[PDB]
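The next block holds one structure in the form of structure tokens; read it before the comments.
Every residue, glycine as well, gets a Cβ built from its backbone with ideal geometry; the counts of neighbours run over all protein chains shown. Bear in mind that the values in this text are calculations on the coordinates, not laboratory data.
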């Protein structure tokens, strides 16, 4: 069990900025944390790639 | 040309007209390239325009 005051622990979150060169991705939420979704097509590997990060 | 007057040799020398030319070619490709990581674009660039594009 853990009994802690509000000031004991601190979290910080930053949603990465979708760059200009990437096709405009969406933005999701994980328990109030804004996640950046980004999709890019690999012509060389003939496949789609997706990344959801924070 | 030129010949004497009342000259028994009455031949005329024909002149010639020659045109010329010169060629202009596209030969060069000037460019400026930059690359920025996602962290560098998120936490490091404040104003993209005056900090990246104008230089």
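Assorted remarks:
- Residue selected from segment A:30-53 under the condition in contact with a strand residue (DSSP E or B) (Cβ under 9 Å, 6 or more places away or on another chain) and surrounded by fewer than 10 Cβ atoms within 10 Å (Cβ to Cβ), by the criterion farthest from the other protein chains (Cβ to nearest Cβ): A:47
- Checked against (1) closer than 30 Å to residue A:54 by Cβ; (2) away from chain A (no Cβ under 14 Å); (3) touching a residue at least 12 places away in the same chain (Cβ under 8 Å), residue B:50 meets all criteria but (3).
- Residue count for segment A:1-29 under the criterion of being part of a loop (DSSP other than H, G, I, E, B) and more than 14 Å from chain B (Cβ to nearest Cβ): the result is 14.
- The condition of being within 14 Å of chain A (Cβ to nearest Cβ), surrounded by fewer than 10 Cβ atoms within 10 Å (Cβ to Cβ), closer than 17 Å to residue A:20 by Cα and out of contact with any helix residue (DSSP H, G or I) (no Cβ under 6 Å at 6 or more places or on another chain) holds for residue B:35.
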